[PDB]
Amino acid sequence: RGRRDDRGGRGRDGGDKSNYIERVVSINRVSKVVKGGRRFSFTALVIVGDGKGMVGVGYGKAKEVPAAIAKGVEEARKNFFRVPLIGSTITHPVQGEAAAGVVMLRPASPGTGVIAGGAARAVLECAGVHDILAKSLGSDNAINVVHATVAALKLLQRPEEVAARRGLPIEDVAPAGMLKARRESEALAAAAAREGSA
Amino acid sequence: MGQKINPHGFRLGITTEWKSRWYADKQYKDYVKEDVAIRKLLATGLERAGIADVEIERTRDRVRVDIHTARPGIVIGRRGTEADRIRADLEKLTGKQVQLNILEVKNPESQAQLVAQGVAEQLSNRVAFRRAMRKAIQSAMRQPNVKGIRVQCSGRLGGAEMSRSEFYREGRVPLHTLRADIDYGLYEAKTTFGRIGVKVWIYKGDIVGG
Amino acid sequence: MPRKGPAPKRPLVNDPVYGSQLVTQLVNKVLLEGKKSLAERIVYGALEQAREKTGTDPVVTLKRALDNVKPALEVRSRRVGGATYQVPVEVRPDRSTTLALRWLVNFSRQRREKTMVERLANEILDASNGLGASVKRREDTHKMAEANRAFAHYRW
RNA sequence: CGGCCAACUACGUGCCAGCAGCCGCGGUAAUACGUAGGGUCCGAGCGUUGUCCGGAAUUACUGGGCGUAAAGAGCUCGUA
RNA sequence: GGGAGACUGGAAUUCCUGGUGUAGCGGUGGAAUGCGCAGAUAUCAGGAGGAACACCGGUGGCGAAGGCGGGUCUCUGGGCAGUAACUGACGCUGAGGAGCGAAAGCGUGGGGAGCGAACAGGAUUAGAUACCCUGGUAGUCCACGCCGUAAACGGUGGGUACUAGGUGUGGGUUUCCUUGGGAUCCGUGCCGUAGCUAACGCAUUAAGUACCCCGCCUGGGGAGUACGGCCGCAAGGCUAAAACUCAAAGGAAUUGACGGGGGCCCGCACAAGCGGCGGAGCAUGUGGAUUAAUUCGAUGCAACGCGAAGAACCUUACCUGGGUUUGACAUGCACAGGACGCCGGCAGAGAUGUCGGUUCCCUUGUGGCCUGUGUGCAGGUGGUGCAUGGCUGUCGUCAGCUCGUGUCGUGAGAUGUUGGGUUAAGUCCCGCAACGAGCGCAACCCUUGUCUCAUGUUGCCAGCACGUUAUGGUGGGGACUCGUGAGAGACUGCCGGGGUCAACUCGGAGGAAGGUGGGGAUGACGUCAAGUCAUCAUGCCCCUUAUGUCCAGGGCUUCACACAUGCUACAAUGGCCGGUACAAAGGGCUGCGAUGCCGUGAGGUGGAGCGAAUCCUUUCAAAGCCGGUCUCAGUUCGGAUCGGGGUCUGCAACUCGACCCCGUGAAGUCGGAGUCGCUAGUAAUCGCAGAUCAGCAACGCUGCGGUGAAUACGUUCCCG
């Protein structure tokens, strides 16, 4: 990924809507032996997302690096994924496993900061979280820890969803501090939203 | 390795015309010598200008030197000042008198020689080589009416020690078909690390037009 | 043209003077290269010398010598497992005529008469009686075939 | 002032002299050796060596494993 | 076929005695040691003795695991189902511990047929202390004990509860049809969801979901080793470290390459032929050694009649010597100029120096022109093809190589492109989680094969006329060629059969030609750090008083050798003399050069005529045919070598040219191991022209035509 700063007198750079947040996690040239030598190709693990908390995971195969990055962008574009939150935190401590990828995603009080390793830091920095506390146990990789983090975010659910599963009136599903954090986060949603209307 | 014959020399009987045209018995070696020194004399300032083709028709010892380029305005500066200087030096180096016709190509980016010009002159200018090619194309892919393209670049690419050849294309470029109308142009970039020889194949169409 | 199957062969015209397939085929196997006309002069002159020493039709003498040198079995050289086996095989008609004419010409060429005409005359005559070295090569080829009869089973 | 790991160019030696925490750099065009400019990080300090905890879920109570990766006693009966 | 003890059965192998009976048997990839000829192997009868149990018998039964199959009898262990009669949690696991525990091995005593470590001989091999062969002791067997190990493996500790199924088979109970089906409890296999796993896989017989107890692991070596202890008759087992060292050692799967793996295919790959090379002489090229110098490159296939399509001087890069400095060649600066430069004379090997004649063209400031003196600088066939570009070879004219988008997979990746058939071919059809594309293959192009239309000189000459000497030679003619333009024509198009009624294949017709008619040109993605800084261009490094440059002479041609490609041969299908018939293509200006004359002949003198369908290369050939002679021989074969005598080219044929004449007259009697080319106008043989070139090392290279074969049964074997 070099020589991107450019000014063209051509038709268009085609800049348009959906200015999302896009992170390229790792690139390892992938070789293939054929008759008389090696054929080098490229893999780019592409994370895309918006600051609401919708995450994509794309996996680009091409024999050029920006081609593989662009194919990962289109593949994560094809496949988004909804993550439920509280304010800008996570709901409750989970462990995700993608066959060797263990990631523990635990919430924290706000202000602490996204503390995670670089793959999980990528998937969570694209997402709508600002203050959680994760760790990547096992598998020491990028692909399995990204995919394990997304499986970990599939083990998430709303407080309300849990209440619904059990047919119980909330209050009765959460404890009270987390309901107060719901009041804080929806209150600042009201303040920034009504400042957004004017 | 790739033992690929120059396709403008592989279809020079069938589709592509000769560049130089006369008849000569016992005057032929002299006409060859004048043809060579004329093309060396039209190498430098016209390769600044954007030269593509240098045809020399030759009637009863006058001469007619015709050049196809991409900017009438650098070849013809002030009228007669830039034209009649190289014209007059062609009149003095040859022992003859020169009728220099200068003409523009309707699209520079679909001449394979001019594509090789712009690509190699970008590649001497420290740009990214995969970006250059890839932009060598996109443009030409187009634009007129141009059914192939194939760009190869060997040499010290990016200043590296290994001489890596690259091979990008789009569409149909059949070399073994003789009704191909393929334009071919190889021009050689001059970096400080060395020379990056650029080959460009451009397949315009199936049309024989016999 | 092997490994694709049998290949079609050229049809062979008969002799002008004698009128036989076998005379012309003897000419084309007499042909030390270049001079087919001189091969015709050798074969024709040798068969009129056979006409002198027989007083009969020369092609009957030729076909009787050709019959008396013609083999029925030929030995091969097929090798099953670390031992070379002389394998006897039935000989086709064209293969047998080829071995008859080729042995006739070559062992006429070894014989010590002055010209080639007297060599080929004396070899067609001695092969007609049965006294040439070529008949001894037929008996040595059947000696190798009958001596090696057991290996012939492979059905090969 | 290769990579991790903020920070790059020329000159000089070209498997030498040397470097290095690991991966590894030196075979006359080294951003990895030595000198220079320049940059970065610290600052009355800044590097090295040693010793310990950490990262190490790498002795796993919290928090690991045992078909083939290290790992199921050859198989039973039975005392605590 | 759970175990132990006891008794017994037959087939087979070996030996033994006795018949019958003869020279081989045995053994192997092929053989030989070996047993025989004293009576073997073979066959028949009888006898001994030992061990193992054909068939039933297998993905089957039983046992805790080892393990267990001839039969019968005796003693004994466990399992399963059914009823629920009894006891009433008595269950589970189990550190240490005791017991059982294949084979090999160990002790004492028996037994010893077959097999058989060790051990011989034989063979194979470079060598076998090996496989293969012949013999052969401990052992294998039984009694009584030791030992305690195995890939003792389901590589899966024991118990328990639950979690879709489908189909086999083993043991037993019952409801229904009335053996069939169902349901059930216990067992053992194959396939399969969910779930699990790193992946392969597992999957109600879990590697799934959970609980209980035990064993065990903590990077690879060092090492299951030392030290110590315990057990053991011993071999050894058990328990079990550290220094030190490495930056890994591993698991599963992927793409390739590879295989003395499998299948299916092809190619002068072998076979069938024909002709060669390797031995002789020479011609060329290379190695090596020489040398003042033997310039430089190219060393498996794919270097070695290759860069060279022309080394006396030149070329030329090398050597001894003589010169030389802005240089042999450019261009930008300064600075003077006025001619530069020329045509000579002289001295010199020549470069060069010194004398003699000519002295500029515009303008008024210079330019065209050079020399100086400097200045940048030119110049390098100096180095690096492991810094490159360009051009090229090769795998191979082999059939392949990829991509886009979809799906499959955590991923590398796969799929497509695999399957069925077909093809010269990833050619093409039919299927199939793929659907399409692209570069290749084919086609487009040239040449060759037939005809139609056009077509008339320099080309043809039939029908006409005229020639006479010499012929289309000449008036003439478009008829035949032929020359070069346009066009038709081969498409499985037409008929028969196989084809899945698809592709395609076997035959037939028409046709000049039949199935890509023949041959070209055409080299995919890449490989090999292949070739080339000496064609050229070029990055960097080096020389700049020489590694530049000018000349004479020398060398690149040396030669005790070794290789490699060619040519002439070794004779009678031949040699030599005489007569005679048929080509194709080409070449030509300070070139090709005729008749005539002089030579023996290279050639000399001369110039007809042609920038050439015209003239010249003679109307063109040679091998061919007719005739004569030679008589199998170191020759009337063979021409190397050497002597004399010439001609031509060039300033110059000494080192180093070709050709002719006279003489001279060697090796060589078809060529060891090995090896090469070729499938039809091919091989073989016969001349002809061309490029390079003043001349030629041309027997080379590129082409042209003449005469013209044999064989291919077929994929076992070698090669790709």
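Residues numbered from 1 in each chain as written, not as in the entry; some residues may be left out. Chains lettered and ligands numbered in written order. Part of a larger assembly, values for the part shown. Heavy atoms only, no water.

Going by the header, the method for this PDB entry is cryo-EM, and the resolution given is 3.40 Å.

Per the PDB entry, chain C is named 30S ribosomal protein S7, and its organism is Mycobacterium smegmatis str. MC2 155. As deposited in the PDB, this entry carries the title "M. Smegmatis P/P state 70S ribosome structure". Recorded under Function, the UniProt text for chain C is reproduced unchanged: "One of the primary rRNA binding proteins, it binds directly to 16S rRNA where it nucleates assembly of the head domain of the 30S subunit. Is located at the subunit interface close to the decoding center, probably blocks exit of the E-site tRNA." Its UniProt record gives chain C the following Sequence similarities comment, quoted word for word: "Belongs to the universal ribosomal protein uS7 family." (UniProt positions renumbered as here; feature names shortened; annotations may be inferred.)

With the PDB entry as reference, chain B is termed 30S ribosomal protein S3, source organism Mycobacterium smegmatis str. MC2 155. Taken verbatim from the UniProt record of chain B, the Function comment is "Binds the lower part of the 30S subunit head. Binds mRNA in the 70S ribosome, positioning it for translation." The heading Sequence similarities in the UniProt record of chain B holds the text "Belongs to the universal ribosomal protein uS3 family."

(A) Region of the structure containing the protein's contact with RNA strand D. Surrounding RNA strand D, one finds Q95, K135 and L137 of chain A together with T192 and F193 of chain B. In this structure, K135 of chain A approaches RNA strand D through a side-chain N or O atom, which is 3.4 Å from a phosphate oxygen. (Near = heavy atom within 4 Å. Polar contact = N/O pair within 3.5 Å; in protein donor to acceptor, adjacent residues only side chain to side chain.)

(B) Region of the structure containing the domain arrangement of chain B. Residue and element names in this part refer to chain B. Segmentation of chain B into domains returns domain 1 (17–106) and domain 2 (107–209). Between the C-alpha centres of domain 1 and domain 2 the distance comes to 26 Å. Contacts between the two partners involve seven residues from domain 1 and, on the opposite side, eight residues from domain 2. Three residues stand out in domain 1 for area buried against domain 2, namely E47, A52 and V105, and they jointly supply 56% of the buried area on that side. Joining domain 1 to domain 2, the criterion identifies one residue pair in polar contact. Taken together, the residues of the side of domain 1 that touches domain 2 sort by class into four nonpolar, one polar and two charged. (Domains from an automatic or database assignment. Contact = heavy atoms within 4.5 Å. Buried area = accessible area lost by both parts, 1.4 Å probe. Nonpolar A, V, L, I, M, F, W, Y, C, P; charged D, E, K, R; others polar.)

(C) Broad picture of the environment of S20 of chain B. Residue and element names in this part refer to chain B. Note that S20 resides in strand β1 (residues 20–21). Distance from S20 to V65, taken between C-alpha atoms, is 9.4 Å for residues 45 residues apart in sequence. Excluding its chain neighbours within four sequence positions, the residues that come into contact with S20 are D35, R39 and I56. Separated by 3.0 Å, the side chains of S20 and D35 make a polar contact. (Helix = DSSP H or I, 4+ residues; strand = E, 2+ residues; numbered from the N terminus.)

(D) Region of interest: the pattern of salt bridges. The tally for this structure, following the rule as stated, stands at 22 salt bridges over all chains. For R21 of chain B, the salt bridge identified is with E17 of chain B, shortest N-O distance 3.2 Å. Look at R21 of chain B and you get partly exposed, because its relative accessible area is 32%. With relative accessibility at 47%, the residue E17 of chain B sits in the partly exposed group. One salt bridge in this structure joins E166 of chain B and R164 of chain B, with 3.8 Å as the shortest N-O distance. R164 of chain B sits in the partly exposed class, given a relative accessible area of 32%. Linked through salt bridges whose partners overlap, the residues forming this network are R23, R121 and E125 of chain A. (Salt bridge = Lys/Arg side-chain N within 4 Å of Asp/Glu carboxyl O. Buried < 20%, exposed > 50% of the residue type's maximum accessible area, 1.4 Å probe, protein only.)

(E) Representation of the pairing of strand β5 (residues 94–98) of chain A. Residues and elements named next belong to chain A. Burial along β5 is one-sided: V94, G96 and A98 are buried, while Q95 and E97, pointing the other way, are not. Relative to strand β6 (residues 101–107), β5 runs antiparallel, the two being bridged by five bridges. Directly across from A98, in β6, lies its bridge partner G101. Taking the residues between adjacent antiparallel strands as the criterion, β5 and β6 are bridged by two residues, where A99 takes a positive phi near 65°. (Pairing = 2+ DSSP bridges.)

(F) Representation of the layout of surface pockets within the structure. Here the largest pocket defines a volume of roughly 1400 Å³. Every residue lining the largest pocket is counted, 38 residues in all, and those nearest its centre are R3, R4, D6 and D13 of chain A together with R134 of chain B. Among the residues making up the lining of the largest pocket, the classes are represented as eight nonpolar, eleven polar and 19 charged. Quantified by volume, the second largest pocket comes out at close to 1000 Å³. Lining the second largest pocket are 32 residues, with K19, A52, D53, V54 and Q113 of chain B positioned closest to its centre. Of the residues forming the lining of the second largest pocket, the biggest block, six residues, is contributed by strand β7 (residues 182–190) of chain B. (1 Å grid on protein atoms, 1.4 Å probe; cavity = no way out; pocket = protein on both sides within 12 Å on 5 of 7 lines; lining within 4 Å. Points joined across faces, edges and corners; volume = space filled by probe spheres on them.)

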